[PDB]
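This is what each chain is made of:
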Amino acid sequence: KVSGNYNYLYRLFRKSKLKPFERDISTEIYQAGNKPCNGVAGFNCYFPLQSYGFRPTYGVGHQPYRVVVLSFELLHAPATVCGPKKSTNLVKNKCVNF
Amino acid sequence: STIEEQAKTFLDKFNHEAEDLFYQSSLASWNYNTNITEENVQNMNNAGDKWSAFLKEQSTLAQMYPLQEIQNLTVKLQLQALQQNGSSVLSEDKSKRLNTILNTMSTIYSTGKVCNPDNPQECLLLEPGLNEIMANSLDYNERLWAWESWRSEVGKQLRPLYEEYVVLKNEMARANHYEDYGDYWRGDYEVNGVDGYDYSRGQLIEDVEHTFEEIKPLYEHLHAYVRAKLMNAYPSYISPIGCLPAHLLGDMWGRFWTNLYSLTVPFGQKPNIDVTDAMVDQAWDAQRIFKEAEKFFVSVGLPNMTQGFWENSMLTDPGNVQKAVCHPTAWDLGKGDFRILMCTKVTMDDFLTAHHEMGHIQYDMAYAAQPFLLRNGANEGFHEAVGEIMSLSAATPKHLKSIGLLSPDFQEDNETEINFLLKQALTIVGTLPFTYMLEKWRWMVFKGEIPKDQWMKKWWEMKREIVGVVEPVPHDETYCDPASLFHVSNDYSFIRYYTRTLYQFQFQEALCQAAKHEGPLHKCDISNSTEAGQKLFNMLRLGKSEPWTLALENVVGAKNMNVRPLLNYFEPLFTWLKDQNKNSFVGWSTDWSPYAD
Ligand SMILES: *[C@@H]1O[C@H](CO)[C@@H](O)[C@H](O)[C@H]1NC(C)=O
Ligand SMILES: *[C@@H]1O[C@H](CO)[C@@H](O)[C@H](O)[C@H]1NC(C)=O
Ligand SMILES: *[C@@H]1O[C@H](CO)[C@@H](O)[C@H](O)[C@H]1NC(C)=O
Ligand SMILES: *[C@@H]1O[C@H](CO)[C@@H](O)[C@H](O)[C@H]1NC(C)=O
Ligand SMILES: [Cl-]
Ligand SMILES: [Zn+2]
């Protein structure tokens, strides 16, 4: 939108590297230093979430991009989801293969 | 836990919100610049208020962060850059007084009214009154009277405000841990923590002395030539052996001598270099101009402009429907956004200015991925130096003929070469001694070595010998002639011009060497040469993340600024001047005065 799409959030202050396919949803207060902040979120203790707004005026390379990833696995189990078949149109009264 | 990570997180957060806040402020400023409206006035009022408050708050917050000798020389420059609170280091009453004095001088300069006694009520202001009066008419008496009246009506009142302004700035710099305000301004070039390349503040003064002692010869040669020309024009008012008057320099204050080129043209009959007729014939517009600009910078290999600039920026003036400023400005919105304020006209001058600005934007996304505070040059000189090197690349006759705007049959001649080099020397080379001298005077005043009763007398003395120009009317201690200048009242340093000129000539020579060009440097063209573009980009990508000396040494291999490129550029001009001034007197006498009887 022309004003700003400040409706998306993203974390940048995790303690360490996140494990793949792991959810770390937590409204905690990150700390930067040695003082044990008790949720004051003041100095040296910042909110882990930052603004992620967007505007149409932004140039190429910074405009928002919707992205989707599909997860696949091959664990031993009966077939659940797979693609369709070629489906050649039927022909009759002729020596053919099926 | 460790303070290193604390500073890293603080810097990352500051960049993350400062980019969007500055984008908001710059978009408000542009909405004003293309549409001058009161709601836009409130817009930048609120934007600037919030930005100043936010930066001051985080500067105060970071003033306590320990400096535990952090490595990588990355967070350091940022924290010393954001830790300069400025006027808040002392009591806020002094800051308010400083702001009041700044507002007073700005308003008085914007209202430096001068009116004649013949029609006291009907008169013209500084802009565009005196500029057009003296840039076209050559009335010696009228020009002298206007200059004297302007000085009398400005300095007589501006002297105190300037004195307490200098005192306030010097004592604030002392509170900012600096010898004076001039040393504070020289601190921009200071490099620390880089062994083998650290630059000291006095090193800059010594090196500018070293450059000037070789810049001078061309300066007194052109001074002698213009003195002979004006003696041929006005012998009864200008002594052939004394210094020149200061009211016949084309401009109020001696910044440029281009206005005197017509009076001192070596050959006034040869056709001038101009393709405005070609512009009329082919009806080229700003769209086409930027199209050939994109062709230019695709030929060198640099990525072409973003299309969002094409469908977002304004390229043609909208008439009187909306109020806009015609002054050329390039605006870095951030987030990969860049805009232009111009009122394009069908001429070579707007061609050159448009290319200059668009190459400014090019140099600006050269460091686009760099963090917010580092989205600039190490000084205030890389921007205009790049603009001028690409301007000289686009202004060469080979480029002019090759792009089809000039037919090859015209080609070029010795007289045209002399005219072009004389224009270049008057426009660029002439500015250096005056700017250096006034900057030295300002440095001495800030240092306090110049007593308040010697200000104008030493100003005029340095004009007499260092500059070679005298005043035709005596002045007393009530004046403030040094404060007459624009950026002096706006409190902006002038050594940026000299540094930019030296940088542009050095980089022109380096780029032409990368292009393997032979012969005159003014005929050198950089079109369709990928190696030179890549070599330039190698340092353009870093931006201000490295010291200016390191960036300079990347392409030229020299630690210090040198005037050898300028001498190589103007050697034909130097030989022509030597040939012409064999019978022309060389040197100026300081004791001679026009008012002497
Ligand atoms: C300029 O501002 C006026 C009043 O604020 C508005 O009516 C007009 O549409 C604006 N022009 C543009 C091009 O937005
Ligand atoms: C400086 O930091 C950047 C990123 O934080 C890193 O890529 C680079 O290697 C560091 N340099 C040194 C000398 O530690
Ligand atoms: C800009 O450069 C890209 C990269 O090669 C190219 O695809 C595009 O056509 C260029 N734009 C213009 C207007 O030539
Ligand atoms: C770049 O290539 C074009 C296409 O052949 C050529 O006309 C032009 O002369 C080349 N550039 C230079 C500087 O010769
Ligand atoms: Cl003067
Ligand atoms: Zn510029």
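Entry numbering is not used for residues: they are numbered from 1 along each chain in the order the sequence is written, which may differ from it, and residues without coordinates are omitted. Chains carry letters and ligands carry numbers; both start at the beginning, A for chains and 1 for ligands, and go up in the order they are written. Part of a larger assembly is shown here, and the values speak for that part only. Hydrogens and water are ignored here; the side-chain numbers use all heavy atoms of the structure.

Draft legend 1. Structural context of the site of ligand 1. All names here are of chain B. For each residue, the test is whether any non-hydrogen atom lies within 4 Å of the molecule or strand; if one does, the residue is near. In the vicinity of ligand 1, the contacting residues are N35, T37, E39 and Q322. Here a polar contact is taken to be a pair of N or O atoms separated by no more than 3.5 Å, where protein atoms must pair a possible hydrogen donor with a possible acceptor and residues adjacent in sequence count only if both atoms sit in side chains. The side chain of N35 places a nitrogen or oxygen atom 2.4 Å from an oxygen atom of ligand 1. Take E39: an N or O atom from its side chain is 2.3 Å from an oxygen atom of ligand 1. Computed with a 1.4 Å probe, the accessible areas rest on the Shrake-Rupley method; for each residue, only the protein chains presented here act as cover. Contact with the protein chains covers 31% of the free accessible surface of ligand 1, which is 370 Å². Taken together, the residues that form the shell around ligand 1 break down as no nonpolar, three polar and one charged. We call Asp, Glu, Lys and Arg charged. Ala, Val, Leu, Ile, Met, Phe, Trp, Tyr, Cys and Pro are nonpolar, and the rest, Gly among them, are polar.

Draft legend 2. Inspection of the pairing of strand 3 (residues 338-341) of chain B at higher detail. Residues and elements named next belong to chain B. Each residue's exposure class comes from its accessible area (1.4 Å probe, protein chains only) as a fraction of the maximum for that residue type: buried when under 20%, exposed when over 50%, partly exposed otherwise. Numbering of helices and strands runs from the N terminus; a helix is a DSSP stretch of H or I covering at least four residues, while a strand is a stretch of E covering at least two. Both faces of strand 3 are covered, namely the face carrying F338 and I340 and the face carrying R339 and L341. Two elements, strand 2 (residues 329-332) and strand 3, share four bridges in a ladder whose sense is antiparallel. Directly across from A330, in strand 3, lies its bridge partner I340. Only strands joined by at least two bridges in the DSSP assignment are considered to pair. Taking the residues that link successive antiparallel strands as the turn, the strand 2-strand 3 hairpin has five residues, and the phi of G334 there is positive, at about 85°.

Draft legend 3. Representation of the coordination of the zinc ion (ligand 6) within the structure. Residues and elements named next belong to chain B. Atoms are scored as donors when they are N, O or S and lie within 2.8 Å of the metal, with 3.2 Å used for Na, K and Ca; no water is included, so coordination may look incomplete. Surrounding the zinc ion (ligand 6) are the protein donor atoms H356 (NE2), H360 (NE2), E384 (OE) and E384 (OE), at 2.2 to 2.3 Å. Irregular is the label for any site that misses the other tests, which are tetrahedral for four donors with all angles between 85 and 135 degrees, and square planar for four donors or octahedral for six when opposite donors exceed 155 degrees and the remaining angles lie between 65 and 115. Around the zinc ion (ligand 6), the four donor atoms are arranged such that angles at the metal cover 57 to 118°; this shape is classified as irregular. Read in sequence order, the donor residues for the zinc ion (ligand 6) give the motif H-x3-H-x23-E. A residue pair is termed long-range when its members are at least 10 positions apart, and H356 in helix 12 (residues 348-365) and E384 in helix 13 (residues 382-395) qualify at 28 residues. Owing to a relative accessible area of 27%, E384 belongs among the partly exposed residues under this scheme.

Draft legend 4. Molecular detail of the state of the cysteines. All names here are of chain B. To count as a disulfide, a pair of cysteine sulfur atoms needs to be within 2.5 Å. As enumerated under the stated definition, the model contains four disulfides over all chains in all. For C115, the disulfide goes to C123, at an S-S distance of 2.0 Å. Shown here for chain B is a disulfide pattern of 1-2, 3-4, 5-6, where each number marks a bonded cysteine counted in sequence order.

Draft legend 5. Examining the UniProt feature "disulfide bond" in chain B more closely. Residue and element names in this part refer to chain B. With a threshold of 2.5 Å on the sulfur distance, the UniProt-listed cystine of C326 and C343 is realised in this model at 2.0 Å. Residue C326 is found in the loop between helix 11 (307-312) and strand 2, and its partner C343 is found in the loop between strand 3 and helix 12; the two are separated by 17 residues along the sequence. Classification of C343 by relative accessible area gives buried; the value is 17%. A separation of 2.0 Å between the sulfurs of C512 and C524 falls under 2.5 Å, matching the UniProt disulfide annotation for this pair. UniProt positions are given in the numbering used here, feature names are shortened, and annotations may be inferred rather than shown by experiment.

Draft legend 6. Spatial organisation of the layout of surface pockets. Residue and element names in this part refer to chain B. The way it works is a 1 Å grid over only the protein atoms, where trapped points that fit a 1.4 Å probe form a cavity and open points with protein on both sides within 12 Å along at least five of seven lines form a pocket, and then any residue with an atom within 4 Å of a point lines it. Grid points are joined across faces, edges and corners, and a volume is the space filled by probe spheres set on the points. The space that makes up the second largest pocket amounts to roughly 600 Å³. Lining the second largest pocket are 37 residues, and of these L302, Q362, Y363, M365 and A366 sit closest to its centre. Residue assignment for the lining of the second largest pocket shows that the elements contributing at least two residues are helix 10 (286-299), helix 12, helix 13 and helix 20 (530-540). Tallied by class, the residues present in the lining of the second largest pocket amount to 23 nonpolar, 10 polar and four charged.

Draft legend 7. Molecular detail of the interface of chain B and chain A. Facing the 19 residues of chain B at the interface are 19 residues of chain A. When two components associate, each loses some accessible surface as probed by a 1.4 Å sphere; the sum of these losses over both components is called the buried area. When chain B packs against chain A, the two sides together hide about 1800 Å² of surface, and 56% of this comes from carbon and sulfur. At the junction of chain B and chain A, the tally comes to seven residue pairs in polar contact. The element that contributes the greatest number of residues to the side of chain B that touches chain A is helix 1 (residues 3-34) of chain B, accounting for nine residues. Note on contacts: a residue pair qualifies if any of its non-hydrogen atoms lie within 4.5 Å across the two residues.

Draft legend 8. Expanded view of the packing of helix 8 (residues 201-233) of chain B against helix 19 (residues 495-514) of chain B. All names here are of chain B. Angles here are taken between N-to-C directions and fall from 0 to 180 degrees, while the axes themselves are lines fitted to C-alpha atoms, restricted in helices to the stretch in contact. Running from amino to carboxyl end, helix 8 crosses helix 19 at an angle of 65°, the nearest separation of the two axes being 13 Å. With respect to each other, helix 8 and helix 19 are oriented roughly perpendicular. Considering how the two elements wind past one another, helix 8 and helix 19 form a crossing that is left-handed. Residues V208, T211, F212 and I215 of helix 8 touch helix 19, and the partners they reach there are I495, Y498 and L502. Here the residues of the contact of helix 8 with helix 19 sort into six nonpolar, one polar and no charged. In these notes the angle categories are as follows: under 35 degrees is roughly parallel, over 145 is roughly antiparallel, 65 to 115 is roughly perpendicular, and the rest is oblique. Whether a crossing is left-handed or right-handed is set by the direction in which the near helix is turned from the far one by less than a right angle, anticlockwise for left-handed and clockwise for right-handed.

Draft legend 9. Looking closely at a nonpolar patch on the surface. Residue and element names in this part refer to chain A. On the surface, a nonpolar cluster with roughly 400 Å² of combined accessible area is contributed by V68, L70 and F72. Position of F72 relative to the elements: it lies in the segment after strand 2 (49-51). Judged by relative accessible area, which is 71%, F72 ranks as exposed. Within the patch definition used here, like charges are joined within 9 Å and nonpolar side chains (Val, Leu, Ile, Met, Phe, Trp, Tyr) within 5 Å, considering only residues with over 30% relative accessible area and no salt bridge. What makes a salt bridge here is a side-chain nitrogen of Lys or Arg within 4 Å of a carboxyl oxygen of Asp or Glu, nothing more.

Draft legend 10. Local environment of the nonpolar core. Residue and element names in this part refer to chain B. In this structure, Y162, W441, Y503, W548 and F570 are the most contacted members of the largest nonpolar core, which totals 128 residues. Broken down by element, this core gets its largest block of residues, 11 residues, from helix 19. Ignoring sequence-local partners within four residues, the contact set of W548 consists of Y189, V191, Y199, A378, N379, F382, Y503 and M561. The set of buried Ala, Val, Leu, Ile, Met, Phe, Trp, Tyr and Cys residues whose side-chain atoms join them within 4.5 Å is what this entry labels a nonpolar core. If you look at the next biggest cluster of nonpolar residues, it comprises 12 residues, including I3, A7, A62 and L82.

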